[PDB]
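Text of target.txt, listed as compact mmCIF, C-alpha atoms and all ligand atoms:
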# COMPACT_ATOMS: atom_id res chain seq x y z
CA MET N 1 -83.50 0.77 5.93
CA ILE N 2 -81.91 -1.72 3.52
CA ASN N 3 -82.63 -5.25 2.26
CA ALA N 4 -80.81 -8.46 3.16
CA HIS N 5 -79.83 -9.28 -0.44
CA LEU N 6 -78.34 -5.79 -0.55
CA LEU N 7 -76.17 -6.59 2.46
CA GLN N 8 -75.06 -9.82 0.81
CA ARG N 9 -74.19 -8.12 -2.49
CA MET N 10 -72.15 -5.66 -0.40
CA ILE N 11 -70.21 -8.44 1.33
CA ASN N 12 -69.46 -9.99 -2.06
CA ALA N 13 -68.04 -6.65 -3.29
CA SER N 14 -65.44 -6.45 -0.48
CA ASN N 15 -61.80 -6.13 -1.50
CA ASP N 16 -60.44 -7.59 1.73
CA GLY N 17 -61.55 -11.13 2.56
CA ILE N 18 -64.10 -11.80 5.29
CA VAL N 19 -64.71 -14.90 7.42
CA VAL N 20 -67.18 -15.78 10.19
CA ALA N 21 -66.35 -18.50 12.73
CA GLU N 22 -67.97 -20.06 15.77
CA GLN N 23 -65.68 -20.67 18.73
CA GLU N 24 -66.56 -24.35 19.06
CA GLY N 25 -63.49 -25.77 20.84
CA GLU N 26 -59.89 -24.68 20.97
CA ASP N 27 -60.27 -24.05 17.24
CA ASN N 28 -62.57 -21.50 15.64
CA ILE N 29 -64.59 -23.47 13.11
CA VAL N 30 -65.38 -21.35 10.05
CA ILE N 31 -69.04 -21.16 9.09
CA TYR N 32 -68.77 -18.53 6.35
CA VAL N 33 -66.26 -17.22 3.79
CA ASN N 34 -66.74 -14.44 1.25
CA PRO N 35 -65.55 -14.56 -2.39
CA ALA N 36 -62.63 -12.19 -1.73
CA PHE N 37 -61.29 -14.82 0.69
CA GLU N 38 -61.48 -17.46 -2.05
CA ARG N 39 -59.60 -15.13 -4.42
CA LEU N 40 -56.83 -14.22 -1.98
CA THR N 41 -56.16 -17.66 -0.50
CA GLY N 42 -57.06 -19.65 -3.62
CA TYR N 43 -58.94 -22.07 -1.35
CA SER N 44 -62.48 -23.08 -2.31
CA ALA N 45 -65.21 -21.99 0.11
CA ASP N 46 -66.42 -25.60 0.31
CA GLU N 47 -62.87 -26.67 1.23
CA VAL N 48 -62.53 -24.22 4.14
CA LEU N 49 -65.92 -24.64 5.82
CA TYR N 50 -66.08 -26.18 9.31
CA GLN N 51 -62.34 -25.81 10.01
CA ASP N 52 -59.89 -23.41 11.61
CA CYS N 53 -57.81 -21.00 9.55
CA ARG N 54 -54.51 -22.14 11.09
CA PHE N 55 -53.89 -24.14 7.88
CA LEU N 56 -52.83 -20.92 6.14
CA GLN N 57 -49.66 -21.26 8.22
CA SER N 58 -48.64 -24.28 6.19
CA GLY N 59 -45.23 -24.62 7.84
CA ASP N 60 -44.69 -21.14 9.28
CA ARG N 61 -46.03 -21.67 12.78
CA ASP N 62 -44.48 -19.82 15.77
CA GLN N 63 -44.96 -16.31 14.39
CA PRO N 64 -45.62 -14.23 17.56
CA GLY N 65 -48.82 -12.69 16.21
CA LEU N 66 -50.25 -16.17 16.74
CA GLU N 67 -49.74 -15.83 20.50
CA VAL N 68 -51.18 -12.29 20.39
CA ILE N 69 -54.28 -13.70 18.65
CA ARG N 70 -54.47 -16.54 21.19
CA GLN N 71 -54.64 -14.02 24.04
CA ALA N 72 -57.16 -11.83 22.20
CA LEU N 73 -59.42 -14.82 21.49
CA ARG N 74 -59.16 -15.92 25.12
CA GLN N 75 -60.18 -12.51 26.48
CA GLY N 76 -62.99 -12.03 23.96
CA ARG N 77 -61.26 -8.82 22.73
CA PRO N 78 -60.61 -7.78 19.10
CA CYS N 79 -57.15 -7.87 17.52
CA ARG N 80 -55.12 -7.00 14.42
CA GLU N 81 -51.85 -8.68 13.43
CA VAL N 82 -49.74 -9.35 10.34
CA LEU N 83 -48.94 -12.97 9.49
CA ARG N 84 -47.23 -14.88 6.70
CA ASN N 85 -49.76 -17.22 5.08
CA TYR N 86 -49.61 -19.67 2.20
CA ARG N 87 -52.16 -20.19 -0.56
CA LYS N 88 -53.19 -23.48 -2.17
CA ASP N 89 -50.38 -23.17 -4.71
CA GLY N 90 -47.99 -22.36 -1.85
CA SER N 91 -47.75 -18.66 -2.65
CA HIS N 92 -46.44 -16.80 0.41
CA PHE N 93 -48.33 -13.61 1.20
CA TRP N 94 -48.56 -11.13 4.05
CA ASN N 95 -51.95 -11.01 5.75
CA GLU N 96 -53.23 -8.20 7.98
CA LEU N 97 -55.86 -10.12 9.96
CA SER N 98 -58.40 -8.20 12.03
CA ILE N 99 -60.61 -10.23 14.37
CA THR N 100 -63.69 -8.74 16.01
CA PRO N 101 -65.77 -10.52 18.65
CA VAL N 102 -69.53 -10.25 18.36
CA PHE N 103 -71.88 -10.59 21.32
CA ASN N 104 -75.62 -10.79 21.07
CA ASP N 105 -77.82 -8.16 22.68
CA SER N 106 -79.45 -11.00 24.65
CA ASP N 107 -76.22 -12.66 25.79
CA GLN N 108 -72.53 -11.84 26.25
CA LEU N 109 -71.42 -14.85 24.20
CA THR N 110 -69.41 -14.70 21.03
CA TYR N 111 -68.97 -15.08 17.30
CA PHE N 112 -65.68 -14.13 15.64
CA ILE N 113 -65.37 -12.10 12.44
CA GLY N 114 -62.04 -12.07 10.58
CA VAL N 115 -60.91 -9.65 7.88
CA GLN N 116 -57.81 -10.33 5.76
CA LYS N 117 -55.95 -7.59 3.88
CA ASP N 118 -53.15 -8.50 1.45
CA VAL N 119 -50.48 -6.06 2.62
CA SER N 120 -47.82 -7.99 0.68
CA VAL N 121 -47.25 -4.99 -1.63
CA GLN N 122 -47.01 -2.60 1.32
CA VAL N 123 -44.75 -4.96 3.31
CA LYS N 124 -42.30 -5.42 0.44
CA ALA N 125 -42.29 -1.64 0.03
CA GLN N 126 -41.48 -1.10 3.72
CA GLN N 127 -38.71 -3.72 3.70
CA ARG N 128 -37.13 -2.24 0.56
CA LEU N 129 -37.48 1.21 2.17
CA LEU N 130 -35.58 0.13 5.30
CA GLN N 131 -32.87 -1.53 3.18
CA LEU N 132 -32.42 1.63 1.09
CA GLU N 133 -32.32 3.87 4.19
CA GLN N 134 -29.55 1.65 5.56
CA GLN N 135 -27.67 2.02 2.26
CA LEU N 136 -28.08 5.82 2.32
CA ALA N 137 -26.83 6.09 5.90
CA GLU N 138 -23.83 3.93 4.94
CA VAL N 139 -22.83 6.10 1.97
CA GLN N 140 -23.38 9.32 3.95
CA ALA N 141 -21.17 8.09 6.81
CA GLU N 142 -18.34 7.14 4.45
CA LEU N 143 -18.60 10.48 2.62
CA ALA N 144 -18.37 12.33 5.94
CA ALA N 145 -15.32 10.28 6.98
CA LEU N 146 -13.57 10.95 3.65
CA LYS N 147 -14.54 14.64 3.87
CA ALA N 148 -12.81 14.74 7.27
CA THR N 149 -9.51 14.17 5.40
CA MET I 1 -76.84 -20.24 5.87
CA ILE I 2 -76.30 -17.23 8.17
CA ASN I 3 -78.45 -14.59 9.85
CA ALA I 4 -79.15 -11.05 8.63
CA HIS I 5 -77.90 -9.08 11.64
CA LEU I 6 -74.81 -11.28 11.31
CA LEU I 7 -74.30 -9.80 7.83
CA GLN I 8 -74.75 -6.34 9.32
CA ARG I 9 -72.13 -6.99 12.03
CA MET I 10 -69.89 -8.26 9.23
CA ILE I 11 -70.16 -5.13 7.07
CA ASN I 12 -69.66 -2.95 10.16
CA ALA I 13 -66.36 -4.77 10.86
CA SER I 14 -64.90 -3.79 7.46
CA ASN I 15 -61.64 -1.86 7.25
CA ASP I 16 -62.47 -0.40 3.82
CA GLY I 17 -65.54 1.82 3.57
CA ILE I 18 -68.77 0.76 1.87
CA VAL I 19 -71.55 2.88 0.35
CA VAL I 20 -74.81 2.01 -1.38
CA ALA I 21 -76.42 4.47 -3.79
CA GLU I 22 -79.48 4.52 -6.03
CA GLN I 23 -78.84 5.98 -9.48
CA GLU I 24 -81.27 8.92 -9.34
CA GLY I 25 -80.74 11.14 -12.38
CA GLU I 26 -77.28 12.56 -13.00
CA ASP I 27 -76.24 12.05 -9.36
CA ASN I 28 -75.94 8.78 -7.44
CA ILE I 29 -77.71 9.45 -4.15
CA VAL I 30 -76.43 7.18 -1.35
CA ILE I 31 -78.95 5.31 0.78
CA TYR I 32 -76.42 3.58 3.03
CA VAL I 33 -72.95 4.07 4.52
CA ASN I 34 -71.01 1.74 6.82
CA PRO I 35 -68.98 2.89 9.87
CA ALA I 36 -65.67 2.41 8.04
CA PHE I 37 -66.82 5.16 5.66
CA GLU I 38 -67.51 7.55 8.56
CA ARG I 39 -64.09 6.77 10.03
CA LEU I 40 -62.10 7.17 6.81
CA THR I 41 -63.82 10.26 5.37
CA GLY I 42 -64.58 12.02 8.66
CA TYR I 43 -67.99 13.11 7.34
CA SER I 44 -71.05 12.49 9.49
CA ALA I 45 -73.28 9.71 8.15
CA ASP I 46 -76.38 11.87 8.63
CA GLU I 47 -74.84 14.69 6.55
CA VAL I 48 -74.07 12.47 3.54
CA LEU I 49 -77.21 10.35 3.16
CA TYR I 50 -79.52 12.00 0.61
CA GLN I 51 -76.68 13.44 -1.48
CA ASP I 52 -74.04 12.26 -3.97
CA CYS I 53 -70.43 11.41 -3.09
CA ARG I 54 -68.95 13.94 -5.54
CA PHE I 55 -68.48 16.29 -2.56
CA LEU I 56 -65.33 14.35 -1.68
CA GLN I 57 -63.57 16.07 -4.62
CA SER I 58 -63.40 19.51 -3.01
CA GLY I 59 -62.37 21.25 -6.23
CA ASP I 60 -60.07 18.50 -7.56
CA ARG I 61 -62.67 17.58 -10.22
CA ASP I 62 -59.87 17.59 -12.90
CA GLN I 63 -58.68 14.09 -12.00
CA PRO I 64 -59.21 12.03 -15.19
CA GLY I 65 -60.54 8.88 -13.50
CA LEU I 66 -63.85 10.72 -13.08
CA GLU I 67 -64.52 10.52 -16.83
CA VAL I 68 -63.88 6.76 -16.64
CA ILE I 69 -66.43 6.48 -13.84
CA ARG I 70 -68.91 8.55 -15.83
CA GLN I 71 -68.68 6.10 -18.72
CA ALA I 72 -68.96 3.19 -16.28
CA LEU I 73 -72.07 4.75 -14.78
CA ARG I 74 -73.67 5.15 -18.22
CA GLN I 75 -73.40 1.52 -19.39
CA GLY I 76 -73.98 -0.11 -15.99
CA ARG I 77 -70.54 -1.76 -15.89
CA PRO I 78 -68.28 -1.94 -12.80
CA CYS I 79 -65.21 0.24 -12.38
CA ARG I 80 -62.26 1.04 -10.11
CA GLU I 81 -60.12 4.19 -9.97
CA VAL I 82 -57.87 6.08 -7.54
CA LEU I 83 -58.78 9.67 -6.63
CA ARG I 84 -57.54 12.31 -4.20
CA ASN I 85 -60.35 13.08 -1.76
CA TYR I 86 -60.73 15.49 1.12
CA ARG I 87 -62.19 14.86 4.56
CA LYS I 88 -64.37 17.26 6.52
CA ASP I 89 -61.25 19.00 7.88
CA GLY I 90 -59.87 19.15 4.30
CA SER I 91 -57.02 16.69 4.85
CA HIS I 92 -56.11 15.16 1.48
CA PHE I 93 -56.10 11.36 1.26
CA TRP I 94 -55.85 8.85 -1.57
CA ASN I 95 -58.95 6.75 -2.26
CA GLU I 96 -59.12 3.51 -4.27
CA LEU I 97 -62.81 3.43 -5.25
CA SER I 98 -64.43 0.22 -6.53
CA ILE I 99 -67.97 0.43 -7.95
CA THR I 100 -70.13 -2.63 -8.66
CA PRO I 101 -73.64 -2.55 -10.18
CA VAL I 102 -76.46 -4.59 -8.67
CA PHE I 103 -79.45 -5.79 -10.71
CA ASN I 104 -82.85 -7.15 -9.69
CA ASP I 105 -84.34 -10.42 -10.89
CA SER I 106 -85.45 -8.08 -13.68
CA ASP I 107 -82.16 -7.16 -15.37
CA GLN I 108 -83.10 -3.44 -15.37
CA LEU I 109 -82.32 -2.43 -11.80
CA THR I 110 -80.29 0.49 -10.49
CA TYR I 111 -78.13 -0.12 -7.43
CA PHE I 112 -74.48 0.86 -7.13
CA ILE I 113 -72.10 -0.38 -4.42
CA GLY I 114 -68.93 1.60 -3.74
CA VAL I 115 -65.88 0.45 -1.77
CA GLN I 116 -63.21 2.92 -0.61
CA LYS I 117 -59.69 1.77 0.28
CA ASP I 118 -57.22 4.13 2.00
CA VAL I 119 -54.06 3.68 -0.07
CA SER I 120 -52.52 6.89 1.31
CA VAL I 121 -49.91 4.98 3.34
CA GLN I 122 -48.70 2.99 0.34
CA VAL I 123 -48.64 6.11 -1.84
CA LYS I 124 -46.49 8.04 0.62
CA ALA I 125 -44.03 5.15 0.74
CA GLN I 126 -43.68 5.21 -3.04
CA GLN I 127 -43.21 8.98 -2.99
CA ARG I 128 -40.70 8.74 -0.15
CA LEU I 129 -39.08 5.83 -1.98
CA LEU I 130 -38.57 7.92 -5.10
CA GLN I 131 -37.46 10.94 -3.08
CA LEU I 132 -35.19 8.78 -0.97
CA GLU I 133 -33.73 7.11 -4.05
CA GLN I 134 -32.85 10.57 -5.37
CA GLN I 135 -31.01 11.35 -2.14
CA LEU I 136 -28.95 8.17 -2.36
CA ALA I 137 -27.94 8.88 -5.95
CA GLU I 138 -26.77 12.36 -4.97
CA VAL I 139 -24.55 11.09 -2.16
CA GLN I 140 -23.18 8.28 -4.30
CA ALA I 141 -22.10 10.80 -6.93
CA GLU I 142 -20.28 13.10 -4.50
CA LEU I 143 -18.44 10.25 -2.80
CA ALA I 144 -17.09 9.27 -6.22
CA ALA I 145 -15.91 12.80 -7.03
CA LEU I 146 -13.84 13.17 -3.86
CA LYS I 147 -12.31 9.73 -4.36
CA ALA I 148 -11.51 10.67 -7.97
CA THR I 149 -9.26 13.43 -6.61
CA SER I 150 -7.67 11.21 -3.93
CA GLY I 151 -5.94 8.68 -6.21
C1 LIG B 201 -62.12 -15.47 12.62
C2 LIG B 201 -60.69 -15.89 12.52
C3 LIG B 201 -59.99 -15.77 11.32
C4 LIG B 201 -58.66 -16.17 11.25
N1 LIG B 201 -57.95 -16.05 10.06
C5 LIG B 201 -56.63 -16.44 10.00
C6 LIG B 201 -55.91 -16.33 8.81
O1 LIG B 201 -56.44 -15.88 7.79
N2 LIG B 201 -54.58 -16.74 8.77
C7 LIG B 201 -53.98 -17.25 9.90
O2 LIG B 201 -52.80 -17.60 9.87
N3 LIG B 201 -54.69 -17.36 11.08
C8 LIG B 201 -56.01 -16.96 11.13
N4 LIG B 201 -56.71 -17.08 12.31
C9 LIG B 201 -56.03 -17.62 13.53
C10 LIG B 201 -56.17 -19.13 13.69
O3 LIG B 201 -57.51 -19.52 13.53
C11 LIG B 201 -55.73 -19.47 15.10
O4 LIG B 201 -56.59 -18.82 15.99
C12 LIG B 201 -54.30 -19.00 15.35
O5 LIG B 201 -53.41 -19.70 14.53
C13 LIG B 201 -53.95 -19.26 16.81
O6 LIG B 201 -54.55 -20.48 17.17
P1 LIG B 201 -53.63 -21.79 17.36
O7 LIG B 201 -52.57 -21.48 18.39
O8 LIG B 201 -54.48 -22.94 17.84
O9 LIG B 201 -52.98 -22.14 16.04
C14 LIG B 201 -58.03 -16.68 12.37
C15 LIG B 201 -58.74 -16.80 13.57
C16 LIG B 201 -60.07 -16.41 13.64
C17 LIG B 201 -60.83 -16.53 14.92
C1 LIG B 202 -71.35 4.33 -5.07
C2 LIG B 202 -70.45 5.47 -5.45
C3 LIG B 202 -69.43 5.88 -4.61
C4 LIG B 202 -68.60 6.95 -4.98
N1 LIG B 202 -67.58 7.35 -4.13
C5 LIG B 202 -66.77 8.41 -4.50
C6 LIG B 202 -65.74 8.82 -3.65
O1 LIG B 202 -65.54 8.25 -2.58
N2 LIG B 202 -64.93 9.88 -4.02
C7 LIG B 202 -65.13 10.52 -5.22
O2 LIG B 202 -64.41 11.46 -5.54
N3 LIG B 202 -66.15 10.11 -6.06
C8 LIG B 202 -66.98 9.06 -5.71
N4 LIG B 202 -68.00 8.66 -6.55
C9 LIG B 202 -68.21 9.36 -7.87
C10 LIG B 202 -69.19 10.53 -7.84
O3 LIG B 202 -70.39 10.21 -7.17
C11 LIG B 202 -69.53 10.94 -9.27
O4 LIG B 202 -70.20 9.88 -9.93
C12 LIG B 202 -68.25 11.29 -10.02
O5 LIG B 202 -67.68 12.44 -9.45
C13 LIG B 202 -68.55 11.56 -11.49
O6 LIG B 202 -69.79 12.23 -11.58
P1 LIG B 202 -69.78 13.78 -11.95
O7 LIG B 202 -69.04 13.94 -13.26
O8 LIG B 202 -71.20 14.27 -12.11
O9 LIG B 202 -69.08 14.57 -10.86
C14 LIG B 202 -68.81 7.60 -6.19
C15 LIG B 202 -69.84 7.18 -7.03
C16 LIG B 202 -70.66 6.12 -6.66
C17 LIG B 202 -71.77 5.68 -7.57
Translate this file's structure into structure tokens.
Amino acid sequence: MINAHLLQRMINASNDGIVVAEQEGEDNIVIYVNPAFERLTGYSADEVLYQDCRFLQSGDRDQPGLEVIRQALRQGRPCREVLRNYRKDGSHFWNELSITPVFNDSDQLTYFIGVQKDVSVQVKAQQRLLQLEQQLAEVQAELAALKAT
Amino acid sequence: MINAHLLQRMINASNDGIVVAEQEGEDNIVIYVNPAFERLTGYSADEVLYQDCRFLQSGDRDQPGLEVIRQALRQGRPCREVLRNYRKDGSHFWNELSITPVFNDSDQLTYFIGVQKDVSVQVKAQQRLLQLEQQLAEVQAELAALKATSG
């Protein structure tokens, strides 16, 4: 019970970035990008159109989530993986990418919808957390050893 | 250059929740909710529809960000604040709410779009981080004291 322009003004208001691609060959050529995508990646919507997103891995290919995504795109199944991507200015950021296949009610053929969340904050937090836990364990072990004497 | 049901399948695929409300009086009655909202809040979409979202603050109406939102609702300007909300089962979760106004081709229109992000995970980390940092400091002090009496 809502208007189309309302749906569009919703998609503009998204925090996480959103992309829509047609599986046209081995690549997934992008036919739409929302403004949040432009803001996160720094890439202009006109720059991205009719291409595959693999360019966000500017030199950091071979991350295993890529193979996971390959399998998910082959089987027509959704997926969610964390990658290291690179903006226009080369800024490295962590990207929780969630891909959903979309079939039509008249045909079990596909469109792919991608959603990118900048987990960079969260990831740095987790890494720091693990480092600090290691440190704590270290100090506690040495204190126990000394206490033994 | 894309289809309408395509936009609908897009908004359904969102991780963060999305709500659309018409500013009707003091309340902001919601006319639409996306599935991410149902999943995050646990409330049934049919229960929420012709009501206002203030029910998510099950008594925790003393959070100050609310006043900010009130002012933002008065002047028709966007806003974003973090609140502690409560699902149907009462489980407390942290909610980054982002509100954007939407006007008609006549500048005087009343639509509000809300976006809810579940920051709970991040928040717990920070809390654990602080707590954990405390623990480390404690141990580091005691290990010094013993060594101070060993040589
Ligand atoms: C809809 C969609 C969005 C994607 N978004 C990203 C992205 O933001 N960053 C990224 O590194 N890969 C993204 N990918 C993955 C690449 O397009 C590509 O599928 C992946 O790198 C594996 O393909 P390849 O082995 O040919 O490189 C996306 C894929 C799809 C289908
Ligand atoms: C679109 C929209 C979404 C909202 N979502 C939430 C929410 O998820 N949680 C919450 O505590 N308040 C939310 N609010 C705020 C309440 O609806 C209400 O405006 C706020 O509590 C202040 O109004 P009050 O002082 O009358 O309670 C939302 C408001 C709008 C307009």
Excluding residue I:18 and residues on its chain fewer than 6 positions from it, collect all residues at most 7 Å away from it, counting all atoms listed in the file, and give them as a PDB file with C-alpha atoms, keeping the file's coordinate frame.
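Just written: around_5.pdb:
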ATOM      1  CA  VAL I  33     -72.950   4.070   4.520  1.00  0.00           C
ATOM      2  CA  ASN I  34     -71.010   1.740   6.820  1.00  0.00           C
ATOM      3  CA  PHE I  37     -66.820   5.160   5.660  1.00  0.00           C
ATOM      4  CA  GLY I 114     -68.930   1.600  -3.740  1.00  0.00           C
ATOM      5  CA  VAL I 115     -65.880   0.450  -1.770  1.00  0.00           C
ATOM      6  CA  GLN I 116     -63.210   2.920  -0.610  1.00  0.00           C
TER       7      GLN I 116
END
With a cut-off of 7 Å, could you pull out the residues of chain N touching ligand LIG 201 (chain B) and give me the nearest pair of atoms for each, distance in Å to one decimal, using all atoms listed in the file, ordered by chain and ascending number, as a Markdown table?
| residue | atom | partner | partner_atom | distance |
| --- | --- | --- | --- | --- |
| N:19 | CA | B:LIG201 | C1 | 5.8 |
| N:20 | CA | B:LIG201 | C1 | 5.6 |
| N:21 | CA | B:LIG201 | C1 | 5.2 |
| N:26 | CA | B:LIG201 | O8 | 6.5 |
| N:27 | CA | B:LIG201 | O8 | 5.9 |
| N:28 | CA | B:LIG201 | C17 | 5.3 |
| N:52 | CA | B:LIG201 | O3 | 4.9 |
| N:53 | CA | B:LIG201 | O3 | 4.3 |
| N:54 | CA | B:LIG201 | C10 | 4.3 |
| N:55 | CA | B:LIG201 | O2 | 6.9 |
| N:56 | CA | B:LIG201 | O2 | 5.0 |
| N:57 | CA | B:LIG201 | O2 | 5.1 |
| N:66 | CA | B:LIG201 | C13 | 4.8 |
| N:67 | CA | B:LIG201 | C13 | 6.6 |
| N:69 | CA | B:LIG201 | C13 | 5.9 |
| N:70 | CA | B:LIG201 | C13 | 5.2 |
| N:73 | CA | B:LIG201 | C17 | 6.9 |
| N:83 | CA | B:LIG201 | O2 | 6.0 |
| N:84 | CA | B:LIG201 | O2 | 7.0 |
| N:85 | CA | B:LIG201 | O2 | 5.7 |
| N:95 | CA | B:LIG201 | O1 | 6.9 |
| N:97 | CA | B:LIG201 | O1 | 6.2 |
| N:99 | CA | B:LIG201 | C1 | 5.7 |
| N:112 | CA | B:LIG201 | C1 | 4.9 |
| N:113 | CA | B:LIG201 | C1 | 4.7 |
| N:114 | CA | B:LIG201 | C1 | 4.0 |
| N:116 | CA | B:LIG201 | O1 | 6.1 |
Using all atoms listed in the file, list the residues that have an atom at most 9 Å from (-51.1, 6.6, -5.3), coordinates as in the file, as a compact mmCIF listing (two decimals) with C-alpha atoms, in the coordinates of the input.
# COMPACT_ATOMS: atom_id res chain seq x y z
CA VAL I 82 -57.87 6.08 -7.54
CA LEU I 83 -58.78 9.67 -6.63
CA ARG I 84 -57.54 12.31 -4.20
CA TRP I 94 -55.85 8.85 -1.57
CA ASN I 95 -58.95 6.75 -2.26
CA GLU I 96 -59.12 3.51 -4.27
CA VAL I 119 -54.06 3.68 -0.07
CA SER I 120 -52.52 6.89 1.31
CA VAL I 121 -49.91 4.98 3.34
CA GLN I 122 -48.70 2.99 0.34
CA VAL I 123 -48.64 6.11 -1.84
CA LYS I 124 -46.49 8.04 0.62
CA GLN I 126 -43.68 5.21 -3.04
CA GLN I 127 -43.21 8.98 -2.99
Q.
Could you list, as a PyMOL selection string, all protein and nucleic acid residues with an atom at most 8 Å from ligand LIG 202 (chain B), counting all atoms listed in the file?
A. chain I and resi 19-23+26-30+52-57+61+66-67+69-70+73+83-85+95+97-100+112-116
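Atom pair atom CA of residue I:32 / atom CA of residue I:90 has a distance of 22.8 Å (rounded to one decimal).
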Q.
With all atoms listed in the file considered, list every residue of chain N at most 10 Å from chain I, as an MDAnalysis selection string.
A. chainID N and resid 1:20 31:32 98:104 111:117 119 121:123 125:126 128:130 132:133 135:140 142:144 146:147 149
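Taking atom CA of residue N:109 and atom CA of residue I:36 as the two end points, the separation is 24.3 Å.
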